[PDB]
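Trainee: Sequence plus experimental coordinates follow:
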Amino acid sequence: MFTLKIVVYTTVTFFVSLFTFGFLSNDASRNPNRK
Amino acid sequence: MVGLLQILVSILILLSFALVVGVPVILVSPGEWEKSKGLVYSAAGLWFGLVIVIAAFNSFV
Amino acid sequence: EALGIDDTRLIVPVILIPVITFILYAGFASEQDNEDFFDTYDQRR
Amino acid sequence: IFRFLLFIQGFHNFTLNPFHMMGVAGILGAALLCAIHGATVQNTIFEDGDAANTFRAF
Amino acid sequence: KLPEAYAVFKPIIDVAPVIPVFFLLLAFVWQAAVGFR
Amino acid sequence: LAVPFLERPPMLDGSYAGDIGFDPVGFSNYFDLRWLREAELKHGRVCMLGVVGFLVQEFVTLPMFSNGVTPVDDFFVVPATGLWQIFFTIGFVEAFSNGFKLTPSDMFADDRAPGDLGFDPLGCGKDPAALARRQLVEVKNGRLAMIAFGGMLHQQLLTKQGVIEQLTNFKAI
Amino acid sequence: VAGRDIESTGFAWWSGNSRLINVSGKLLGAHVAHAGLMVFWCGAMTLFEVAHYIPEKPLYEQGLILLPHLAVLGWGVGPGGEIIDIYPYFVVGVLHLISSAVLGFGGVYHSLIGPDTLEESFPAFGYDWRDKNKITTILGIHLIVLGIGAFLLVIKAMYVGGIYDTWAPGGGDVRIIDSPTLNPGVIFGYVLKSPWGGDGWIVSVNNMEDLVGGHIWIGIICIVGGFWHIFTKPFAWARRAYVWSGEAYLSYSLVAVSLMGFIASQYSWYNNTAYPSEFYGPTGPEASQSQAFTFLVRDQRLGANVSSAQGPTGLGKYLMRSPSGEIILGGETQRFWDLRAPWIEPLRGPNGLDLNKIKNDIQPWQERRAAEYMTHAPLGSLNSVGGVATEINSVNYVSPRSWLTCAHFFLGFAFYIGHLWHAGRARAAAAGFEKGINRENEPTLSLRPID
Amino acid sequence: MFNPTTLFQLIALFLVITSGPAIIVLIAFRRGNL
Amino acid sequence: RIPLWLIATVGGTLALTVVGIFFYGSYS
Ligand code: CLA
Ligand code: CLA
Ligand code: KC2
Ligand SMILES: CC1=C(C#C/C(C)=C/C=C/C(C)=C/C=C/C=C(C)/C=C/C=C(\C)C#CC2=C(C)C[C@@H](O)CC2(C)C)C(C)(C)C[C@H](O)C1
Ligand SMILES: CC1=CCCC(C)(C)[C@H]1/C=C/C(C)=C/C=C/C(C)=C/C=C/C=C(C)/C=C/C=C(C)/C=C/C1=C(C)CCCC1(C)C
Ligand SMILES: CC1=CCCC(C)(C)[C@H]1/C=C/C(C)=C/C=C/C(C)=C/C=C/C=C(C)/C=C/C=C(C)/C=C/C1=C(C)CCCC1(C)C
Ligand SMILES: CC1=CCCC(C)(C)[C@H]1/C=C/C(C)=C/C=C/C(C)=C/C=C/C=C(C)/C=C/C=C(C)/C=C/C1=C(C)CCCC1(C)C
Ligand SMILES: CC1=CCCC(C)(C)[C@H]1/C=C/C(C)=C/C=C/C(C)=C/C=C/C=C(C)/C=C/C=C(C)/C=C/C1=C(C)CCCC1(C)C
Ligand SMILES: [Fe+2]
């Protein structure tokens, strides 16, 4: 049960990290009125 | 001293009604702010003095 | 139990994966301009 | 009317009736369509005026 | 219960809480007085 | 020069009373010297009356209140109401005497003398040379009295004794 | 008059407060007048609850929610949660009423004749929303104000009279908290604890030492961060991340205060330390466990072996076994086995409820507390009828915990809705399509068809 | 019917409910910036 | 003759008074 727990923790951390550092990547600029 | 406290609180309430009604009335009206802000501040000082007097007399002595 | 962690091996991915994602994001951010602007948002990417 | 609802449920089990299921689907899908069409139209309007409130630009 | 020196002012204290609702209605009345410009 | 191994501070020309070029940490720079002078005079006057108050409260007690063990504890035995009367009276005095200007920005708008609240009821400050001598006396007495007050308050707090009582009953801690 | 109509601002009368976004002085007036409104409600409702206070009934039987807040802080409360004096409540109400008068005058003055834009008359107070440095300065000032407030709570709890500790031996008393928990491990293990059952995140603070110590921590953190924001400007990652406009800041505040509303609703529903049951009344779990515990006592005293009484399904009728293996109260209250109450913790061993301590070590005040809490359960109606929904109109009781929890859950959800609205509109107004799609350059028409 | 507590309730309620509209009417009579 | 905002205010106060008397009769 520990292996499943660490796999789930890794997956959740991976996707939350993608979310967090994607919204930090100048998300407001990604609009059709830029430039 | 009860009765005297009631009179002071009633005077404070009437003065508060007068302020709440009239201050915006003589405040928004054309002129009358630079003309009567001295009167406004005098009424506010009287209100604060009444508050202080009631604070002192709440102690019944 | 902080963050529901009862075994210390669980901390390795939780700390490690954000580090790698931050490395990629830091490459992206070092590619940027990184000077102050006066606007509601930065149009430079 | 609430008594009628509970009476029909108790003596008839009308929730289990598939025609009532289709009726519930129709009502909830009609509410869904009303909300989604209102939101979609209000959020895909053309900029037909300079005012921030866009109701007068029609 | 209020202290007996201020127990006669109970009705004003009863009215007092609902006054912010009257402030909201006052904002609406003020907008009605200017014709909702 | 008060500090011989350091330079004279650039903003201390010697116009104010008691200026001997003593500002190693440099508060004269990066601040308003008039603001600092009025603050120094205000602290000096407050502690100057406070030392006399600490002396008086040992032997003289007003009939309305009950005396505590120390003048420091005289602050606690008086009721909370009445204390705020003093607070508000001091607020009113500091509002009216300063002309209702209470910030480092709007104060000294007319460029009045720092510490000059226009309070000379007896008219002692008329001769300008005597005025300067009394300025020096007042500033030096305030500089002494602030240190004295800071000493005596802590002595009364630590030993639970009056200052004259402590001087007549000196003992180790 | 320009600036107060739709022809000059583009906003209608029902969206007229958005005319104050770029008008800083009038915006300050609106904020100060609203603060006056909040303090006015505080004072008026405090005096209302003083005037309606019956000395015989407890606070939670009279529908009072502000007097318990002052009862937590140790004003006019004797041992055991007895309300001995309501004069300090009156003092708080009157002080708030006068302060609300002052704040209302300030709000009116700054709304009506005080300058509309402060950026030319008083540059130290004027600002632009896009100027990150000044906005961070204001944020730091307010952070330091909040830290001062937290340290005011700390000073009240540690030096000025103390606060009501419901976990004090004997039944709860106003206690000076002399040794707060300053260990960062405990304080920040509260923050990193799971919010689910049996852990409760920060709702499960069960002693005043942790509360006071973490308030010291919050004050220190807030003051340090306030000076940090007074002396710094946002970093480049923060400058890329956020939208720098007044509506965006409003949306951030809306989501923060919505989360706070949810957290406070759960505080009111579950916590009995910062919300003692002598004042706010028992919680749902507390009421159910009180009923089960009183039946357990009445059957152990009046000849009924509770530990061997098999239930209708073979489980424990009075005492059963927890999913973690502890001795808990049986019945339908087995879901509420995580309850900690001052009237039951002396009777609780490391294996759960100790039968020997149950039959031997009962203090009578615990009997009184459990007999009182079992009847006024948090179950009520909108027309204030006590009991379950199938009860007759003779009991007039709805728990203050229910009122606080429902009101603040409602407001938390509503302010999440407000956050979503204002964040969307802030993004659309920053990008520049909040008024609709441009007909000349439609973004969709310039894209490739998707299928 | 006639209770002094109820009478004062109604008087205070009348004053509160007519203070604000009095402000608006008086500002409109002085032709202020309403 | 009379401005309509005063009429609307009086009507709203009377409607709320009707609501209040109905609620009072519900509570009594
Ligand atoms: C918390 C509530 C609140 C507050 C503080 C404000 C505040 C403000 N609104 Mg506003 N508003 C509100 C709710 C509120 N609003 C609501 C609910 C609506 C929708 C109906 C509106 C719709 C609205 C519009 C459409 C406009 C404003 C505008 C304004 C600003 C100028 C108002 C003005 O010119 O006054 C004029 C009003 C009067 C002269 C009459 C009222 C007099 C006083 C204020 C009544 C209260 C006095 C009080 C009882 C006595 C206190 C005195 C003290 C000594 C005790 C001001 C900052 C205007 C703006 O943006 O300006 C740029 C504007 O155009 N508001
Ligand atoms: C600190 C809180 C706060 C502040 C400062 C603002 C400020 C503002 N909002 Mg806002 N808002 C908030 C919270 C807040 N909001 C919340 C919590 C919600 C969700 C309900 C909204 C939803 C909202 C909408 C939908 C809109 C605004 C708009 C505005 C702007 C004009 C407001 C105006 O003139 O009102 C005038 C006030 C009135 C006309 C009074 C109305 C009284 C209502 C109808 C009472 C009924 C409320 C109802 C029960 C709640 C519904 C349930 C809920 C779960 C949704 C202004 C910048 C408007 C705008 O143009 O944005 C720029 C706009 O369209 N807001
Ligand atoms: C800064 C100096 C100062 C000023 C300018 C000032 C002005 C006024 C005025 C206005 C002309 C009145 C009418 C007035 C009246 C009362 N004063 Mg003041 N007073 C000052 C100082 C103190 C102190 C130190 C105390 C005190 C008190 C009382 C009490 C007792 C109430 C009671 O016995 O409970 C009453 C009736 C005592 C107190 O309030 O608590 C017991 C107390 O300790 N006062 N006082
Ligand atoms: C008049 C005048 C001037 C002047 C002047 C003068 C008079 C200047 C005088 C300055 C003086 C005398 C300063 C004395 C400071 C004493 C201190 C700091 C004692 C601290 C004790 C501590 C912290 C302690 C403690 C302890 C406690 C309680 C706890 C215990 O567990 C431990 C311990 C026992 C250690 C100048 C020259 C400027 C010129 C000017 O124009 C006018
Ligand atoms: C620079 C200099 C010149 C030449 C001599 C020398 C070489 C020694 C050199 C050194 C000078 C030195 C060491 C100066 C020291 C100055 C010091 C330590 C001043 C400190 C003063 C402390 C003060 C007021 C404390 C005031 C406290 C007050 C009111 C109130 C107390 C309380 C009361 C009763 C009311 C409730 C609140 C509280 C706190 C309980
Ligand atoms: C001393 C005493 C002993 C016991 C008896 C008693 C309880 C009576 C007690 C008496 C206490 C007294 C007299 C307290 C005085 C209280 C006062 C004056 C409270 C009033 C404060 C005023 C306030 C908030 C007003 C703020 C203004 C606002 C929002 C305006 C907002 C708005 C503006 C700016 C534009 C239009 C739209 C709208 C919404 C109207
Ligand atoms: C211990 C305890 C017992 C009872 C009382 C007491 C106060 C003492 C209590 C608590 C004490 C303490 C120390 C409490 C501390 C609470 C803390 C640290 C709360 C902080 C929460 C932080 C939050 C939401 C962060 C929100 C920001 C987010 C998501 C992300 C923003 C952005 C970035 C950075 C990534 C991409 C997306 C976006 C939006 C651009
Ligand atoms: C309590 C307190 C302590 C003692 C002394 C003191 C005088 C300070 C006293 C007073 C305190 C205060 C701050 C009192 C303030 C009272 C206020 C703000 C009264 C204003 C009330 C507003 C009212 C009625 C308006 C009602 C409007 C109605 C229906 C109808 C409005 C409508 C129209 C006309 C237009 C369309 C929209 C709608 C809603 C249909
Ligand atoms: Fe359509």
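Mentor: The structure has been received and is ready for your questions. Numbers count the residues shown, from 1 in each chain, chains lettered A, B, ... in the order given. Ligands and ions are numbered 1, 2, ... in the order given.
Trainee: and the residue of chain D most remote from its centre, helix, strand or coil?
Mentor: Most distant residue from the mean C-alpha position of chain D: residue D:50, 32.3 Å away (CA atoms, centre = their mean). Secondary structure, DSSP: H, G, I helix; E, B strand; the rest coil: residue D:50 is coil.
Trainee: show me what contacts the closest residue in space to residue F:84 that isn't next to it in sequence?
Mentor: Counting by CB to CB, 6 or more residues apart in numbering or on different chains, residue F:84 lies nearest to residue B:55, which is 7.9 Å off, once chain neighbours are set aside. Backbone N, C-alpha and C define where each C-beta goes, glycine included. For residue B:55, the contact set (CB atoms under 8 Å, 6 or more residues apart in numbering or on different chains) comprises F:81, F:84-85.
Trainee: hang on, the earlier thing: for the residue farthest from the centre of chain D, which non-adjacent residue is spatially closest?
Mentor: Residue D:50 sits nearest to residue G:10 (CB to CB, 6+ apart), 6.5 Å away.
Trainee: Can you tell me how far that neighbour is from residue G:3?
Mentor: Distance of residue G:10 to residue G:3, computed by CB to CB, to the nearest Å: 11 Å.
Trainee: any bit of stretch G:205-216 sitting next to chain C?
Mentor: No. Using CB under 8 Å from any CB of the partner chain, stretch G:205-216 never reaches chain C; the gap is at least 15.1 Å.
Trainee: ok, back up a step: who's in contact with the residue nearest to residue D:50?
Mentor: Taking CB under 8 Å, 6+ apart as the test, what residue G:10 contacts is D:50-53.
Trainee: Identify the residue spatially nearest to residue F:69, adjacent ones excluded.
Mentor: Counting by CB to CB, 6+ apart, residue F:69 lies nearest to residue F:160, which is 6.0 Å off, once chain neighbours are set aside.
Trainee: Now tell me what touches stretch G:321-334 from outside.
Mentor: Residues outside stretch G:321-334 that contact it (CB under 8 Å, 6+ apart) are G:285, G:288-289, G:291-293, G:296, G:311, G:315-320, G:337, G:349, G:351-355.
Trainee: again with stretch D:50-58
Mentor: Here stretch D:50-58 makes contact (CB under 8 Å, 6+ apart) with D:45, D:47-49, G:6, G:9-12, G:15, G:18, G:434-436.
Trainee: before we move on, the earlier item: now the contacts of stretch G:321-334: which count as buried?
Mentor: Buried by 16 or more other CB atoms under 10 Å in any protein chain shown: G:285, G:288-289, G:291-293, G:296, G:316-320, G:337, G:352-355, out of the contacts of stretch G:321-334.
Trainee: Okay, now stretch G:107-119: how far is its last residue from its first?
Mentor: This stretch, stretch G:107-119, spans 18 Å end to end (CA to CA, to the nearest Å).
Trainee: and that stretch with chain E, contact?
Mentor: No. Stretch G:107-119 is not in contact with chain E by CB under 8 Å from any CB; minimum separation 10.9 Å.
Trainee: Please save the CA atoms from stretch G:237-247 in PDB.
Mentor: Coordinates of each C-alpha in stretch G:237-247 appear next as PDB, following Å, rounded to 0.1, in the frame of the first residue of the first chain:
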ATOM      1  CA  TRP G 237       8.000  36.200 -11.200                       C
ATOM      2  CA  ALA G 238       5.300  38.000  -9.200                       C
ATOM      3  CA  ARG G 239       5.200  40.800 -11.800                       C
ATOM      4  CA  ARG G 240       4.700  38.200 -14.600                       C
ATOM      5  CA  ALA G 241       2.200  36.200 -12.500                       C
ATOM      6  CA  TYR G 242      -0.400  38.700 -11.300                       C
ATOM      7  CA  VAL G 243      -2.700  41.300 -12.900                       C
ATOM      8  CA  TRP G 244      -1.900  44.800 -11.500                       C
ATOM      9  CA  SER G 245      -5.300  46.500 -11.300                       C
ATOM     10  CA  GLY G 246      -7.700  47.400  -8.500                       C
ATOM     11  CA  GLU G 247     -10.300  44.800  -9.600                       C
END
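Trainee: Mind checking if that stretch is in reach of chain D?
Mentor: No. Taking CB under 8 Å from any CB as the criterion, stretch G:237-247 and chain D are apart, separated by no less than 11.1 Å.
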